Amino acid sequence: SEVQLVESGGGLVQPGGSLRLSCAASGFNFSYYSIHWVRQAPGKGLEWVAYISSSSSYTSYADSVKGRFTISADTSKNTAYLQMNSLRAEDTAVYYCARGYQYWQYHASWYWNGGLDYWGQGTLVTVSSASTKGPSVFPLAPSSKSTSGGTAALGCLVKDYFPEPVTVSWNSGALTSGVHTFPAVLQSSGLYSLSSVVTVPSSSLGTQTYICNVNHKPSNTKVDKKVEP
Amino acid sequence: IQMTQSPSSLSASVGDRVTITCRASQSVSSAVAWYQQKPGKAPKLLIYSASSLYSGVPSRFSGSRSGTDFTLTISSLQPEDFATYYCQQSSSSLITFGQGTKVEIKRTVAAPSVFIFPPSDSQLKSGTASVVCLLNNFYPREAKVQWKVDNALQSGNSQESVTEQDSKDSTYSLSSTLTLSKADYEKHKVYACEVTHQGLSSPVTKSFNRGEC
Amino acid sequence: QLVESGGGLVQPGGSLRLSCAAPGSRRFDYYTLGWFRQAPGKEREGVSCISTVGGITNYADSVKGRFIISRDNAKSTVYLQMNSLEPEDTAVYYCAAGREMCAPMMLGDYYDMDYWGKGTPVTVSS
Amino acid sequence: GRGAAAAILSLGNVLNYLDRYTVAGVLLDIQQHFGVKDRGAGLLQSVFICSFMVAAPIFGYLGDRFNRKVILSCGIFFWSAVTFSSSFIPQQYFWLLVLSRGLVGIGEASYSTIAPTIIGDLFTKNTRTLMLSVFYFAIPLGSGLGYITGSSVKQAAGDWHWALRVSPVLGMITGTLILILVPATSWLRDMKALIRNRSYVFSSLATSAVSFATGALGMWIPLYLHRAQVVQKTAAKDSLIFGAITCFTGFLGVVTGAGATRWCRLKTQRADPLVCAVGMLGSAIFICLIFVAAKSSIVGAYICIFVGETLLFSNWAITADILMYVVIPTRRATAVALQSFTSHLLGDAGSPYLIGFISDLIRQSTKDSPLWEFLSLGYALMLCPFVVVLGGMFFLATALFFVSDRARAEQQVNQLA
Amino acid sequence: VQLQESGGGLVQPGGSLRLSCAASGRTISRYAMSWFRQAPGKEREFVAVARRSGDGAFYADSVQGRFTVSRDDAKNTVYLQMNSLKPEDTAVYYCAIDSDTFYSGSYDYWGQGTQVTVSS
Ligand SMILES: CCCCCCCCc1ccc(CC[C@](N)(CO)COP(=O)(O)O)cc1
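Residue numbers (the deposited numbering), protein chains in the order written: chain H, 4 to 232; chain L, 4 to 216; chain N, 3 to 128; chain R, 100 to 284, 301 to 350, 360 to 541; chain K, 2 to 121.
What follows is the structure, encoded as structure tokens:
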């Protein structure tokens, strides 16, 4: 048998709510090992959250979650549960569950440091107070000030969409050389925006028609825009 | 609690030699674990107990201890060894991870290409003015963007976004967006984006005068 | 429980000696002893065992000729003498007591043990 | 479903044990409808045990080769049908009722042999033990429910015939449900060595003594208490009380024995025979007091029944540990079977009949009045403490050779391989 | 705080040169330095940059594979070593010092430059 760990329960919750994540294990003897919960925020490094063995008397939390989270296990069905209470906007992250060694506190020392063997795959937890909405599209129009040595640049701008993602194409997939799409940026308001740019020869602006094509799945919208001086 | 990793970013070429340092001050001081992560995946145990290679890991990685410092070393970099690397310590009933160091690809210096874009008419119809200043195809990554509205400096109302490294050019692009209200936008005469980089002897300025068309 | 002592950092070609003891006036003589190990990427496996009356010892195929197990139930201790250690001997070692007789092809089975210990780690450096 | 299979087989076992003791609870009535004496009323249990004893190995042989669901269903159908049709026998024919008991014995032997294998093969190394425990903890419950059901139906309807008709309906139902909710699925060289093993032989003799005492007492006590209560001139609640008591003494004995053995294993390596022998001797001391208290008080008899009942059952789960402590792994299949057969042969195969025979032999030489009707059975039930004392002595003689036997076993196991 | 450049002059085709740039009144341990070229009738463009200790040194397309740089914080000086010189390399070289601890490129302190010639 191969070792597998699968998480479940991720999604969107408004501030002040609560969630329950579940990690389910398959392939080993559940009561010789411990289960660790780790998280990573969008654009930062790894951070450890919590710990449980089998007997529910070996549990531990980190300083920034103490008094809010609660971990528990169920050895008949081989599952671990994390209960998240009183969430805040800074809890938006991807969460993984990993396999420990049960007695890592008792024989951690000067010369040991056991490790974490097998990892899950992650569930995304979003904490926000917005409402689904469609993006607004505008053109970034070329001009002589946008021209550089016979090379011009142009693009399109997408604003105020929730949630991610969106997709942007040019001439319905025709032009696919020199296209830059930037990662999404979160304004203070609560919505995302981005822009996409392309470069062309200066002369080609008189012969070709360029279209920015925006598709947004969650609100089921498509927009087409023409870009010209 | 936090360990310090050094350096926080380095660049190398395929076939060279790389070393990374984890500097800790907590109640292990001689036993650290090292992990690896690639964009959009899960991490992978790489070395445990400061010296022991995991099961099924390539043999070119090694770890060692010197004083209170721990070092990880790759002896011959391969194209699949461009990732981010973490160190872990366990100093009480708590566990802490390091800060991470990223390995990139190296090439020759390229000065950016600078462009400026004013709002479209429908942006004004919306009631919000957005100005976009664009830097294209530059290397290395460190660059500085400044805004000047009628020769006055602005701070606290701009945002930056940067792409990953290009798979063929191995270059970067950056976009800086600056937002005002329509009332604020219509109360000025000249706007300008200023750019400084290792490859520019003097700042590069690009200007836009309202009222022209 | 049972209690394990020893364990540490050695270099290739070294040697080591671990012990297991029963605190109190407990005697542990019905049947009592075997040694197990576990490594980070793998599953637990029996390393050796010793019998109740005769002094009959069994080892796995990978440790034959190097390890030696011994018993002393005047003071309730059991000893494991490890020699010629190698970088793939790095693990955590455990101590267990059960009822089935001592035989080959009983080593690998650890689902039928009555008492377990808590572990002691051994690291072989370079 | 697997849980459904476990539940249905467990209910089958409860029904299996409820159908051995519905005859004891109405014994007093039978001896008036057919005009028999104690000699004739012991045979009703003696022939049952003889038939069960001889049937069991053959059905074990069969259950390996052929369909198992078919054989279980056929067995349940058969003994349910025979039990139902037995309650119409006319007065002049007593041998027919004995034949009925023999046939019911065959029918129950089949199920009792085959069901544990089916439960065993469905589950794995860890959860098998719990499922088998739930299977086997249906013995005290069914045993007590036998007395209670028989006496209660006889009380309600007003004719003991009705005590032999409630159970076949529940037999027929489960006989069909076990076809729907269940999923499908040289020995001489051992005998030449198992008779030179002193611990094995002595343990087998001790278990036979336990069986003697258990069978005799469990058939004859409810009638003796009634006779005693008639003599005192202060008088079917006795069987109800006996059933209620046995339902709980069954579990208490086993818990007590496991606790005491687990503690004593950490002092010496002779814990199992010593615990068993101490329990047997205590039970003998307390059993021999019913036949004294009952002449004076009745509640004292019940308390003595409670204590002796509890201490006689404490060695139920520790004889298997002795057998797997001193016998190597490739003889245990032969050893368990031979031990069970021998336990039945010298046990309660011919014990109730002997008690009844001695009672009649005593009474024919004295005027037949209620006083001597009571005293004859009292003086014939003295043979239970005697054999319990023998059982205690046999457990001590086991504890004498326990350690040397274990050493021989280890030498053999490591030599063979 | 002044910057002194020494080692300029003439070189034959296929020769080599080594020039040095020292500072007075400041320490170059925690800063970066840059070397620029300017030909007669041409503008000033990038040549090379030297970072702090252990952070490597970066070159441009036009000087790659021929030149190198080095530091000496014990003597508070830097040195450029130019090899495989060609006539198009004839120009004035400038040595400048960046004042930023994040390498954003604030070239405040400049030098007087010096002449390097290749003639055939
Ligand atoms: C003072 C009264 C002493 C107790 C005796 C009467 C209790 C009734 C009773 C007897 C036996 C059983 C269990 C029957 C068996 N447990 C079936 O295997 C006997 O067989 P094996 O184990 O002796 O061979 C349950 C209740």
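We put the beta carbon where it would ideally sit given N, CA and C, even for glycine.
Taking only beta carbons into account, state which residues of the segment 41-62 of chain L come closer than 7 Å to chain N, listed in chain order.
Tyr51, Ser52, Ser54, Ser55, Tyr57 and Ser58
Partners in chain R for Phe30 of chain N, counting only beta-carbon separations shorter than 8 Å
By one-based count along the third sequence, residue 30 of chain N stands at place 28. Those within 8 Å of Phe30 of chain N in chain R are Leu390.
Range covered by the beta strand (DSSP E) that runs through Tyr112 of chain N
Walking along the third sequence from the start, residue 112 of chain N turns up at place 110. Looking at the DSSP string, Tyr112 of chain N is not in any beta strand (DSSP E), and its letter there is neither H nor E.
Neighbour flag for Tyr315 of chain R against chain N, beta carbons, 9 Å
As a position in the fourth sequence, residue 315 of chain R is number 200, starting the count at 1. So, not an interface residue.
Please report how far the alpha carbon of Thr224 of chain H lies from the alpha carbon of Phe141 of chain H, in whole angstroms.
Counting from one through the first sequence, the residue named residue 224 of chain H turns up at place 221. Counting from one through the first sequence, the residue named residue 141 of chain H turns up at place 138. In this structure, the CA atom of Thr224 of chain H is about 15 Å from the CA atom of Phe141 of chain H.
Should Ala23 of chain N be flagged as near chain R, meaning a C-beta pair shorter than 9 Å?
As a position in the third sequence, residue 23 of chain N is number 21, starting the count at 1. Not an interface residue.
I'd like to know if the segment 176-183 of chain R and the segment 147-161 of chain R are in contact, where contact means that at least 3 CB-CB pairs between them fall below 8 Å.
no
Could you work out which residues of chain N lie near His110 of chain H, taking near to mean beta carbons separated by less than 9 Å?
If you number the first sequence from 1, residue 110 of chain H lands on position 107. The contacting residues are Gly9, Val94, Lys120, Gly121, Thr122 and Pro123.
By alpha-carbon positions, which one of L:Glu83, L:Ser93, L:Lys41 and L:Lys44 ends up nearest to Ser28 of chain L?
The count along the second sequence starts at 1 and reaches residue 28 of chain L at position 25. Among L:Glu83, L:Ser93, L:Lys41 and L:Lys44, the Cα nearest to that of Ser28 of chain L belongs to L:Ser93.
If I follow the unbroken alpha helix (DSSP H) through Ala382 of chain R, where does it start and stop?
Counted from its first residue, the fourth sequence places residue 382 of chain R at position 258. Its alpha helix (DSSP H) spans residues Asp362 to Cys388.
Same chain, Cβ closer than 6 Å to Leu24 of chain H, neighbours up to 5 away in sequence not counted
One-based indexing of the first sequence puts residue 24 of chain H at position 21. Result list for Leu24 of chain H: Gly12 and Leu85, in chain order.
Would you check whether ligand 1 has a heavy atom nearer than 8 Å to the C-beta of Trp178 of chain R?
Indexing the fourth sequence from 1 puts residue 178 of chain R at position 79. Judged by the Cβ position, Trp178 of chain R fails to qualify as a neighbour of ligand 1 at the 8 Å threshold, every heavy atom of the ligand being at least this far.
Below-9 Å beta-carbon distance, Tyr80 of chain K vs any chain L residue:
Locating residue 80 of chain K in the fifth sequence gives position 79, counting from the first residue. Proximity of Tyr80 of chain K to chain L, defined by a Cβ-Cβ separation below 9 Å, is not satisfied.
Which residues, taken in chain order from the segment 89-117 of chain N, show a beta carbon closer than 8 Å to some beta carbon of chain R?
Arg101, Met103, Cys104, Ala105, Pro106, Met107 and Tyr113
Inter-residue spacing [alpha-carbon to alpha-carbon] between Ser232 of chain R and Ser209 of chain R:
What you label residue 232 of chain R is simply residue 133 of the fourth sequence in a count that begins at 1. What you label residue 209 of chain R is simply residue 110 of the fourth sequence in a count that begins at 1. Counting only the Cα atoms, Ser209 of chain R lies some 20 Å from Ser232 of chain R.
Could you tell me whether any Cβ in chain R is nearer than 9 Å to the Cβ of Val80 of chain N?
Indexing the third sequence from 1 puts residue 80 of chain N at position 78. No, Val80 of chain N does not count as interfacial toward chain R.
Would you kindly work out how many angstroms separate the C-alpha atoms of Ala256 of chain R and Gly139 of chain R, rounded to a whole number?
Your numbering for residue 256 of chain R matches position 157 in the fourth sequence. Your numbering for residue 139 of chain R matches position 40 in the fourth sequence. Rounded to whole angstroms, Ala256 of chain R to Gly139 of chain R spans 26 Å at the Cα level.
Any C-beta of chain H under 9 Å from that of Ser116 of chain L:
The sequence position of residue 116 of chain L within the second sequence is 113, counting from 1. So yes, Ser116 of chain L belongs to the interface.
Let me check one thing: in DSSP terms, what residues is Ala76 of chain H bridge-paired to?
Locating residue 76 of chain H in the first sequence gives position 73, counting from the first residue. DSSP links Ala76 of chain H through a beta bridge to H:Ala83.
Quick one, are the C-beta atoms of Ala444 of chain R and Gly381 of chain R less than 9 Å apart?
Reading the fourth sequence from its first residue, position 320 is the one you call residue 444 of chain R. Reading the fourth sequence from its first residue, position 257 is the one you call residue 381 of chain R. Not a contact, by the Cβ cut-off of 9 Å.
Is the Cβ-Cβ distance between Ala531 of chain R and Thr54 of chain N less than 9 Å?
Position 407 of the fourth sequence, counting from 1, holds the residue named residue 531 of chain R. Position 52 of the third sequence, counting from 1, holds the residue named residue 54 of chain N. A contact, by the Cβ cut-off of 9 Å.
Note down the Cα distance separating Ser105 of chain K from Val148 of chain L, rounded to an integer number of angstroms.
The sequence position of residue 105 of chain K within the fifth sequence is 104, counting from 1. The sequence position of residue 148 of chain L within the second sequence is 145, counting from 1. Each residue's alpha carbon lies about 10 Å from the other.
Kindly indicate if chain N contains any beta-carbon less than 9 Å away from that of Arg167 of chain R.
As a first step, residue 167 of chain R is located in the fourth sequence; it is residue number 68 there, counting from the start. Not an interface residue.
With distances taken from CA atoms, which of H:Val230, H:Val201 and H:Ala92 is nearest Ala133 of chain H?
On the first sequence, position 130 is the one that residue 133 of chain H refers to. The option with the nearest alpha carbon to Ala133 of chain H is H:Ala92.
CB of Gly124 of chain R to nearest heavy atom of ligand 1: below 8 Å?
The residue given as residue 124 of chain R occupies position 25 in the fourth sequence. For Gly124 of chain R, the distance from the CB to the nearest heavy atom of ligand 1 is not below 8 Å.
Who are the near neighbours of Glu102 of chain N in its chain, counting only those whose CB is closer than 7 Å to its CB and skipping five residues on each side?
In the third sequence, residue 102 of chain N corresponds to position 100, counting from 1. Around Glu102 of chain N: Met108 and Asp114.
Is any non-hydrogen atom of ligand 1 found closer than 8 Å to the C-beta of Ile479 of chain R, if you look at the structure I gave you?
In the fourth sequence, residue 479 of chain R corresponds to position 355, counting from 1. No - ligand 1 has no heavy atom lying nearer than 8 Å to the Cβ of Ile479 of chain R.
Helix or strand or just coil, what does DSSP make of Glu163 of chain L?
The count along the second sequence starts at 1 and reaches residue 163 of chain L at position 160. Strand.
How about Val50 of chain K: is its C-beta nearer than 9 Å to some C-beta of chain L?
By one-based count along the fifth sequence, residue 50 of chain K stands at place 49. Yes, contact with chain L.
Please report the distance separating the alpha-carbon of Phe193 of chain R from that of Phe133 of chain R.
Locating residue 193 of chain R in the fourth sequence gives position 94, where the first residue counts as 1. Locating residue 133 of chain R in the fourth sequence gives position 34, where the first residue counts as 1. Approximately 7 Å, taken between the alpha carbons.
How about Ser205 of chain H and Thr154 of chain H: do their beta carbons lie closer than 9 Å?
The residue you call residue 205 of chain H lines up with position 202 of the first sequence. The residue you call residue 154 of chain H lines up with position 151 of the first sequence. Against a cut-off of 9 Å, the Cβ pair of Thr154 of chain H and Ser205 of chain H comes out as a contact.
Give a yes or no on whether 9 Å exceeds the smallest Cβ distance from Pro453 of chain R to chain N.
Working through the fourth sequence from its first residue, we reach residue 453 of chain R at position 329. Output row for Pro453 of chain R: interface = yes.
So which residues of chain L does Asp74 of chain K contact, with C-beta pairs closer than 9 Å?
Here residue 74 of chain K corresponds to residue number 73 of the fifth sequence, with the count starting at 1. By Cβ distance, chain L contributes nothing, its closest Cβ being about 18 Å from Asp74 of chain K, past 9 Å.
In angstroms with no decimal places, state the Cα-to-Cα distance between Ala83 of chain H and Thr135 of chain H.
Residue 83 of chain H sits at position 80 when you count from the first residue of the first sequence. Residue 135 of chain H sits at position 132 when you count from the first residue of the first sequence. Their Cα atoms are separated by approximately 33 Å.
In whole angstroms, what is the alpha-carbon distance linking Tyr104 of chain H and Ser37 of chain H?
Counted from its first residue, the first sequence places residue 104 of chain H at position 101. Counted from its first residue, the first sequence places residue 37 of chain H at position 34. Taking the straight line joining both Cα atoms gives about 5 Å.
Hey, is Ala140 of chain R close to ligand 1, as in C-beta under 8 Å from one of its heavy atoms?
One-based indexing of the fourth sequence puts residue 140 of chain R at position 41. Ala140 of chain R Cβ: outside cutoff for every heavy atom of ligand 1.
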